[PDB]
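Trainee: Could you work out the structure for the sequence below:
(4 chains, ligands or ions: 3)
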Amino acid sequence: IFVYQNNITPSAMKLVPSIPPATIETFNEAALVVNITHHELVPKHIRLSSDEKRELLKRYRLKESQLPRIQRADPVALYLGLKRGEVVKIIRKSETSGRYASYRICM
Amino acid sequence: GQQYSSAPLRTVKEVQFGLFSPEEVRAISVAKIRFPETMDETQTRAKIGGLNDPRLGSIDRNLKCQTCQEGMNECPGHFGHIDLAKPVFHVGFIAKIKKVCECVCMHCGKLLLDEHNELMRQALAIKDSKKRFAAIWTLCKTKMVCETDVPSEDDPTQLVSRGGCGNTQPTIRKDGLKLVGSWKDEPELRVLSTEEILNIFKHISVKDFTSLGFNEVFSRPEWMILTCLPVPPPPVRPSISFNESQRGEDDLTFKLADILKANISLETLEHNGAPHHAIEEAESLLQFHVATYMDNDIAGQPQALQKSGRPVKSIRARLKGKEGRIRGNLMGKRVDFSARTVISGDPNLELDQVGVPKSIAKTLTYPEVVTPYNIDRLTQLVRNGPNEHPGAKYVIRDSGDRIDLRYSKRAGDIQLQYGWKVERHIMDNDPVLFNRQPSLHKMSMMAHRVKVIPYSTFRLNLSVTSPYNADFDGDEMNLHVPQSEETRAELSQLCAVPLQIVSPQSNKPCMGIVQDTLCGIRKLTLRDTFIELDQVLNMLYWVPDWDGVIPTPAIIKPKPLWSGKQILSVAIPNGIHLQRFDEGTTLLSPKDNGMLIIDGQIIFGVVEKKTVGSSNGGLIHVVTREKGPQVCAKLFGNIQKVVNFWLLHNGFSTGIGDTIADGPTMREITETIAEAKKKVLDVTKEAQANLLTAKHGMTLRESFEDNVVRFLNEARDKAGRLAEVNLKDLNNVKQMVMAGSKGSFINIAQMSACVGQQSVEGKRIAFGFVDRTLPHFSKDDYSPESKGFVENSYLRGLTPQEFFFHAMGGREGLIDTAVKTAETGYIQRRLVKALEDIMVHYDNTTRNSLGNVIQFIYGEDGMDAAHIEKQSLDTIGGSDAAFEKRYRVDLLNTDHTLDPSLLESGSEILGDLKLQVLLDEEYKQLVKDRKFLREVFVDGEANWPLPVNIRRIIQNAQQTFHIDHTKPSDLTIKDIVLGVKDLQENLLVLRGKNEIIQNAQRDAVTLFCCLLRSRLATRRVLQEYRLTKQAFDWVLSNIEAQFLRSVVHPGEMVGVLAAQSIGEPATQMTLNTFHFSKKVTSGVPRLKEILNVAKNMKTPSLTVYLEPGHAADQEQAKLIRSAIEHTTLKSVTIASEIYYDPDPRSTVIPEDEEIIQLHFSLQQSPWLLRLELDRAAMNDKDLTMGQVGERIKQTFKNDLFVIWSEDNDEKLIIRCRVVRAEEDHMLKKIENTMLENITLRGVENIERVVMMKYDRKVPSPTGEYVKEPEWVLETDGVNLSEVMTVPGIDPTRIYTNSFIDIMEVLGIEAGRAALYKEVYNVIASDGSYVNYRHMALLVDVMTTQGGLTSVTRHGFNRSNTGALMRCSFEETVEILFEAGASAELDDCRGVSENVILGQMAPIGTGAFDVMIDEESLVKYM
Amino acid sequence: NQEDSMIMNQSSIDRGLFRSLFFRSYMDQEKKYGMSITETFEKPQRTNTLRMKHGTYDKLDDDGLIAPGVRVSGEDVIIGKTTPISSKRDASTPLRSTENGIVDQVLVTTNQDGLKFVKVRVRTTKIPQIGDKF
Amino acid sequence: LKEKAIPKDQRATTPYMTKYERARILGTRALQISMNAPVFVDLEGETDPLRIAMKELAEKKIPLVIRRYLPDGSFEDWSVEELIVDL
Ligand SMILES: [Mg+2]
Ligand SMILES: [Zn+2]
Ligand SMILES: [Zn+2]
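Mentor: Numbers count the residues shown, from 1 in each chain, chains lettered A, B, ... in the order given. Ligands and ions are numbered 1, 2, ... in the order given. Sure, structure below:
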C-alpha cells in the first residue's frame, strides 16, 4: 500500500502492475483522514473465501452474473482491497427483519 | 387460422434475431416483383404478374391464393423480392456501416488493430457482444494506417509482420445517406461506393467480424447493405379496394412502386447509354427510396412527401410506440366482450356486485359447454331466445359452425348435444372485470358479481368508490367478460373486491365507510341518540344476517329506548375486539372519545373515520384479518343498510346558515385581521428607515417579506380558528368535518372567517406593472392589500382587487395540476416498465427476466405486504427500572418471584435454582433484544409494521376461554420458557438443509421474534394476560399458523406491485413545496429528479452534525459555520481602483499618507491598485484586514507588494504595487484574479450555511429516551469529500440529499441508503404511507448493478434483458434494428415477450406447470 | 344522490321538467363521375349485384327520401341513392344505428354545379333519465 | 438434461399451496369438468364446474401435480393431494 501526499507521476504509475503476483495499491493521504467505513450509512462488508463464494452460488443456484455487483473502485472495495471476482457479504439492519444479508460480486 | 392443421402445435421459446442474406430473400420469395403496376393489364381489373399478383396473396375474396389456395382469413401472405440494380445502405444501419468501416482497413478487409496491441487484448477480452464492438471502435477509429509490420510482445526493437497491406485510411464523415473519406500536398476527397463498402465487408474474416458485434450465421456485416429487397405480401400493405371501378392501394405499395420505378431507371441507364454522372444520380434516388421506405422521419433531410403533401408512413413509423404495433397493438388492444357506460352509486348493492343494465347483459355472452348438468337449463335459455333477458345468442355445434338464434329456421327446435357450446347471456352472479382508467392500481381493476338491473347505468357499491377513484360527476367505466371456466376462476379466486379489501400498498385497507354512511354513523353512535321500538324493529329487519333476537333495550323502565351504539353493534360480528385511545380517553370515556368493541359489541366512543373508515387499525382492517374477506364484504353492506336507513329518516342538510359565524366572533375576526394589518405596517416603516437587520443568508427584502407573509398567515389561521371554535355542534359543516365525511378546518376558515394571502410562485402577487400590482394602486405599495391578501370570507365576498388576486393564484393551481398529471403519468409508466419482470420465485428470492437477484427474500423479511400491521416493541422504550418491573422473574428473592396467586406452582417454585437458570437465560436474552432493537431503531420508535397481531391473538384468547384474572394459572415455568422457544423454530420463511439458507431463515425472523419474546415473557404471560395451559398453547398455535399465512406467495408479481405502489401515491401529490428551515424541492419534481438520477439537482444541501460533546454549544457550531461558509474577496470589496502613485514613499491619496509611514517602519511599480473593503461586510463574515491581507499576500507571493490599513482606520484600504512597457493592463488582470479567483475562508460550493437547533431522541442515564436538541449546520452547497475531513464535525453522521455524491464517497451500499431516504421523503412529504418493500425494491433495482442505474430510456432500457422486452418502451425500432445486426436471442421469459407472442406469461398463475398423474388418477377411481 | 349524483322528482319529469328536443341533419348529393355518368336518388331493389344496406328501404318514397311524418329507427334507410359501374351499386344513407326518432324535415335543392342536393332532419324528444348529466 | 427433476427427498418449496396454484388448479379442473371429464368426487347435487372442482379440492381427489420450476429450470413436483390448503 502506497500513501501519497498530493500526486504520483504517470511514469511511476507504470510500475504498479509490473510486479505480479504482488499487487500494489495507491491511496491518497487526504482521502484516508476519515474512515468512510465508520459512517452511519456504510454497512459491514465481509470478503468471502473462494469456498465461501462457491457455496453461495451453489446454495442459491446462481451464475456469477445473477449476483448483485460492486465496483472495483467502490470506497469499501478499495478499503477491503477487493480484487475482481471476490464476493463481499453485506450485513445491514432492516426495518422488516432485524438483520438482512446481501452479497455483492466485484467488477 | 381457423381450419384443422396436421402440423404440431408448439410455443415460441426463442426469438433469433438476424439479417436477410440476399440469398435467403431469393429462396423465400414466391414472386420476382417486376412491374410497378398493380393490375388492369390486358383490360381485366384483376392482379398483374408484376406487383401484388396472386404469386403473393389475394386482393379479392376469391378463395384463390395461387400459392397455398387457402383464402384471406387463413393465408398470412407470401414474400416477394426486387433484385436491386446497385447496392443500397439499410437506412437503420448507415452509422454502424460507417463505424465498421472506421474499424477495418478499406483495402484488405483486416481488423485495423491486431491482438499485438495490449489495449486491443483488453477490448477483445470483453465477453459482452456490444460493449466489445464499442471498445474496439474507440481504439480502431484513431488508427489511420494498415500495419504491414508491428513491434512484437517479445522485444519492440525487432518488429514482426502481422500481414495485410500498408494503405492509408480515410477520415469518414456521413453526408445524408452517403459516406465520404479524407486520405493524406492537400488531403484526398472521394465518396465511398456502396459496392466498395460491401466488398470490404465481404473480405472481413469470420474471426474478425465475430470479434466485432456480428454473427457468422445470422448477422454478417455484408447483409447490412441491400442487394435483394423483400416485397411484403398484400396483408402488410392492404388494398382497401372500395367499389368495383375504384381501388385504393396502401402507402407502402406506392413506396415500393416508387422503389421499383427508380430501380428500372437505374437498371436501363447503366445497361444502355450510361452518361455515368447521371448513373450516380439515379443510384442516389434508389438509395433514397429504399432508405425512406424504412424510415421517413430521417435526421435533417427532406421528408419523402406523398402527392398530397402528406409525409408517407415509413415502416419505422408503424411500430414507433404509444400507437405503433408494439405499444398500441400488442401491449394494448381493443377487445371483444367488453362494455362501457356511465356509473351510478347504489346503496342497495352488495360490496362485490356490479349493476349491469339489461341491454348490456343481453349483448355480452358466455360460451357454456352443453354438459349433463346444464343441458336441461341451457335448452331453456336457447328457447328463451336472444331477445328475452335470460336468453342465448348462438349455439355452436361441434362441427365448428355457428347457429344464429336471431334468424335460424331451427331456432325453435334446436335439440342440444353434449359438447356443443351455448353462447348464453351474462346472468346474475357471473364474475366480470370492472375497471376505471387510469389503471395505476391492482385495485383499478377488480372482479365483481353481475346483478342484471334496468336503466342504462353501471351501478356500484359506494364503499368501492375509493379504489376505483370514481365520482358520479358523469364518470364512465369498463366491464370485461371472461370466456373460459378457467379465467372465471382467475377472477373469482384472485381479483374479487372482497379479496382486494386490505391493500399491500400501505398494509392497510383500501376501502372504508364513506360520505352518507360516514356522516350518518357519527350521528347514530351517540349518547344522545336513542331509538323507539317501531324503528328499532325495522332497523333490525334491514340487517340480512340478523339472528331474529330483539336486543334488550339500554333503557327499560321510563320507556323502552335503544342507543345507536347498541343496534349498530348488530352489524358488528361476534369475536371482533377493538380498543382505541384519543386525547383524554379514560375507561369511562368523557367526550365519547376513542373506541371500545368487545365480542363485536360497542361499549363507548363515537364511530367515525378513525373507526369505520380505511384506517390502519380499522374496524374494517380487524374484521378482514379476524373473520374473512367474505365476512368483511358483508359487514360493508350491513353497516350501510342500517346507517343509510336511519339517516333517510333522521335526515341531513347544509345551508348558508352553516357559514354564518356569530356576530361578536366576527368582530373578533375583523379585529384579528386589523391588528395583523398594523403589525405589518410597523415592519414596513421599520424596514423603510434601514433599522430592520437582515436575517443570515437573506436580503433585507427576503427577510421583510418572510415576516409579512408570516403575520398575514398567522392572522388567517387564528381568525379561522375563532370561527371553528364559535361554530355549534349543530353546524352541519362542522358535523361533516367531525365525522370526516367532507370538509377541513381551512374550508370553514375561508368560508366563514378569512380567505387569506394569495400566492403565485411562492411570493405574494408581484408588480406586473411598473412598481404596482394593478393601476388601482400607487407605486412602491408593499401593503397586504396590494400584494394579494384577501381580508374577506367567501360569505362576505371578495372585492375586485381581491377577486383578481385570488384568480391569479387560483390559475397557478390549475396549471400546476395539469402539469403534475402529465409528469406523474410518465413516472408511473417508467416505474412499471423498469420493474414488470420482478417476481418472487419458489426459492423466496426476488428476481427478474435474467434471473438476476434483486432482493434475497422479498422486502428483506419474505412477508406479503397485505398480512402486516403496525405493532409496538415494548422491550425498546422506557426506563431500565420499568423493564426490570415488567420482565424480571427471580425465584431466588422473596419480593421478586411470581406470587402463588399467579401460578399453581408459585409456593414450590421459590428457590428452584435449576428453574432460575431458565429465567436468568430468558431475561439475559430479553436484555440482548432491547440492545439490538436500539441498534436498529436508533430514535426509539417502537411502532413498526410486523406480521402477526399478537395483541389481538391474546385478546381473542381471553374472550375464547373466559379467562378469570383472579384464579392461579396451570402453566409451569418450563411450559412458557420452553414453549415460546419451540414456537420460534416453527416460524419458517425459508426451508433448506444447509447453513446459508438456515442462517438466512434466522435473519428473516430476527425482528418478529424480538416482539415474540417481548410479548411472551414469563412475567407477562402470567401477571398481565392471565393465560391457562390451554389459552397459551392456543395462542402459540395461532401465532404459528397466522405467521405461516403472512409469508409471500411464489408468483407474487412484486415488480409491478412496487411500481404502482409508488406511482399511484405520486399522482395524488399537490406540491411543489407549500407557498412561503431549508426550502428543498420536494414531491413530483423531486421524484422526477430522483428517478432520472439527475446530476444537477435543484436544491443540493449538506447536513453537518456537531462532534459528540459539542451538541449543546451554539458557539462551537458558530465556529464550524464560520470554518465552512465560502467567503470570497469579492463579497467584502466596495471598489477596485487603479491609481498612478510613482513614489513608493509618498502618496497622491491624502488618506493613505498615514498607512505608508507605519507599513514602512518595523524598485516598486508606479501603478497602485487600491481596494476599499466594507466594515459591515467584514463583520458579517467576521474578518480582519490582516486576514484579508495575508490571503492576497499568499496568492501572488513575491510578485505583489501589499500594504493595508488597520481595523480602526476610518476607511478600510489595501494598496497593491507590482514587483520587478505595458504594465497598467497587467493590474486589470490581477484585479479580477483578486475578486473572482481568491477564496478567503470556508469550503468551496458550501455557499449559505444555516444554524439549526434540531431536536433528538437519545437515552438518558435512567434508561428512557429524552429530547436532547443539538446544533446542526445546513447548506446551500455540496462538497462531502472535504466537509467530512473538517475538524469539530461528526463524519459518522453527515448526510447529503445528493445521493449521487454519498455513493461516490461512502460506497454503493451506503449510496442505496441515501437513495431510499430521499424516495421515502418525497412520499412522506405528501404525508402518504407506502410500505418499506415497495420503495426498497425500486431502490434495490436501481442499485444491484454496482452503481446508480437510472429509471430512463438510457438506464434500465439499456440492460441485458430481452430485445422485444426493451423495445416495448422508448427506443423500439432502434432496439430491434440492433437486435438483428448483433444477432440477439430473446429468452422469452420477460412478461412483455409472452404478451407479444400471445402466450401465457410465467407470472403468478403461469409461474408453475400442471400435470396429470395417471397413478393418483387411477387411485381415485 | 351520493358522490356528486342527484335524485330527481319523476312526478316533475312527467310534467315536462328538464325535457329537451334533439335534431340531427343527414346530407347527400348526386355526384357526377366524369360526363353524363350521374348518381340517382331512388328506392333501389335486388337488381344484379348492388351491395344494398340491411335496413328497411320501405320507408323511402319513389324519390329515395322519407316523408317528413314517418318514425325512423335502427339502420332504416333515410336516403336511397345509387352509383352505376361499367348495373347499379348502393349509395344509400341509413340512420345512425345508435339512434331513433321521427322525420322532422326533408329539404330538396340544387348544388351550385346544378346537381341534386338533399338534407334530412330527424326529431327526438329526450327525457331526463337515470344516467343523465345536470 | 433430466437433472432438471429435483427428487422427493430434498424439496425446499412451501409445503402450503400458493394463492395462484389454488386459482389455477380450481380453474384447470373446472374447465376439464366443464368439458365432460370424469369427476372423482360424489357431486352432492352439485352442478357448477367450479363448485364441483372446489368439492374435488376439499376432498383432495384432484389427480393433478404442480411442477414448480426454479430460476435455473430445475423443478419440484408437488401433488394437489400433498399440498396444505390454509388459504
Ligand atoms: Mg370528473
Ligand atoms: Zn397464400
Ligand atoms: Zn489492409
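
Trainee: Verify the stated contact: residue B:96 with residue B:1382.
Mentor: No - in this structure, residue B:96 is not within contact of residue B:1382 by C-beta atoms under 8 Å, at 9.2 Å. Bear in mind the C-beta positions are built from the backbone N, C-alpha and C, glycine included.

Trainee: Find residues that contact each of the two.
Mentor: Counting by C-beta atoms under 8 Å, 6 or more residues apart in numbering or on different chains, the residues touching both residue B:96 and residue B:1382 are residue B:213.

Trainee: does the residue in the stretch 1101-1250 of chain B that chain A sits nearest to count as helix, strand or coil?
Mentor: Proximity of the stretch 1101-1250 of chain B to chain A (C-beta to the nearest C-beta) peaks at residue B:1105, 9.3 Å away. Taking DSSP: H, G, I helix; E, B strand; the rest coil as the rule, one finds residue B:1105 in the strand state.

Trainee: pretty sure it is touching residue B:1289, no?
Mentor: Yes - counting by C-beta under 8 Å, residue B:1105 touches residue B:1289, with 7.0 Å between them.

Trainee: what residues does the helix ranked longest in chain D touch?
Mentor: Using DSSP state H to define each element, chain D has its longest helix at helix D:19-34. The contact list for helix D:19-34 (C-beta under 8 Å, 6+ apart) reads B:369, B:371, B:484-490, B:493-494, B:1049, B:1051, B:1404-1405, B:1407-1408, B:1410, D:17, D:39, D:49-50, D:52-54, D:56-57, D:62, D:64, D:66, D:80, D:83, D:85, D:87.

Trainee: Strands - which of those residues land there?
Mentor: B:369, B:1408, B:1410, D:64, D:66 (DSSP state E).

Trainee: filter the residues you listed to the buried ones?
Mentor: Among the ones in strands among the contacts of helix D:19-34, those scoring as buried are B:369, B:1408, D:64, D:66 (criterion: 16 or more other C-beta atoms under 10 Å in any protein chain shown).

Trainee: Pull the contacting residues for the one residue in chain C that gets nearest to chain D.
Mentor: Evaluated by C-beta to the nearest C-beta, chain C has residue C:3 as its residue closest to chain D, separated by 32.2 Å. Each residue near residue C:3 by C-beta under 8 Å, 6+ apart is listed here: B:345, B:462, B:465, B:470-472, B:514-515.

Trainee: what about the closest residue to residue B:1328 other than its chain neighbours, is that helix, strand or coil?
Mentor: Once flanking residues are discounted, residue B:1328 sits nearest to residue B:1065: 4.6 Å by C-beta to C-beta, 6 or more residues apart in numbering or on different chains. Three-state call for residue B:1065 (three-state DSSP): helix.

Trainee: how many neighbours does residue B:1065 have?
Mentor: Using other C-beta atoms under 10 Å in any protein chain shown, residue B:1065 has 21 neighbouring residues.

Trainee: residues touching the closest residue to residue C:31 other than its chain neighbours, list them.
Mentor: Excluding its sequence neighbours, the residue lying closest to residue C:31 (C-beta to C-beta, 6+ apart) is residue C:39, at 5.2 Å. Counting by C-beta under 8 Å, 6+ apart, residue C:39 touches C:29-33, C:81-83, C:91.

Trainee: List the ones among these that fall in strands.
Mentor: Per DSSP E, those map to strands at C:29, C:81-83.

Trainee: In contact with the closest residue to residue B:1178 other than its chain neighbours, which residues?
Mentor: Nearest residue to residue B:1178 in three dimensions, chain neighbours excluded: residue B:1132, at 5.5 Å (C-beta to C-beta, 6+ apart). By C-beta under 8 Å, 6+ apart, the contact set of residue B:1132 is B:1173-1174, B:1177-1178, B:1181, B:1183, B:1188, B:1240.

Trainee: Then residue B:175?
Mentor: Going by C-beta under 8 Å, 6+ apart, residue B:175 touches residue B:191.

Trainee: My guess is residue B:824 contacts residue B:1066. True?
Mentor: Yes - using C-beta under 8 Å, residue B:824 is in contact with residue B:1066, at 4.8 Å.

Trainee: Can I get the helix or strand where residue B:918 lies as PDB, trimmed to CA atoms?
Mentor: Remark: residue B:918 resides in helix B:913-936, with elements defined by DSSP states H and E. Taking Å, rounded to 0.1, in the frame of the first residue of the first chain, the C-alpha atoms of helix B:913-936 are listed here in PDB:
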ATOM      1  CA  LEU B 913     -32.000 -22.900  41.200                       C
ATOM      2  CA  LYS B 914     -32.500 -25.100  38.000                       C
ATOM      3  CA  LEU B 915     -35.600 -23.100  37.000                       C
ATOM      4  CA  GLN B 916     -33.900 -19.700  37.900                       C
ATOM      5  CA  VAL B 917     -31.300 -20.800  35.300                       C
ATOM      6  CA  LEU B 918     -34.200 -20.700  32.700                       C
ATOM      7  CA  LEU B 919     -35.500 -17.300  33.900                       C
ATOM      8  CA  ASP B 920     -31.800 -16.000  34.000                       C
ATOM      9  CA  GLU B 921     -31.100 -17.100  30.400                       C
ATOM     10  CA  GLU B 922     -34.700 -15.700  29.500                       C
ATOM     11  CA  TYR B 923     -34.000 -12.200  30.900                       C
ATOM     12  CA  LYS B 924     -30.400 -12.300  29.500                       C
ATOM     13  CA  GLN B 925     -31.900 -12.700  26.000                       C
ATOM     14  CA  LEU B 926     -34.700 -10.200  26.700                       C
ATOM     15  CA  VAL B 927     -31.900  -7.600  27.600                       C
ATOM     16  CA  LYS B 928     -30.000  -8.600  24.400                       C
ATOM     17  CA  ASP B 929     -33.300  -7.900  22.500                       C
ATOM     18  CA  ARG B 930     -33.500  -4.300  23.900                       C
ATOM     19  CA  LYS B 931     -29.800  -3.500  23.000                       C
ATOM     20  CA  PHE B 932     -30.400  -4.900  19.400                       C
ATOM     21  CA  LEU B 933     -33.600  -3.100  18.800                       C
ATOM     22  CA  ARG B 934     -32.000   0.200  19.900                       C
ATOM     23  CA  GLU B 935     -29.200  -0.600  17.400                       C
ATOM     24  CA  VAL B 936     -31.800  -0.900  14.600                       C
END
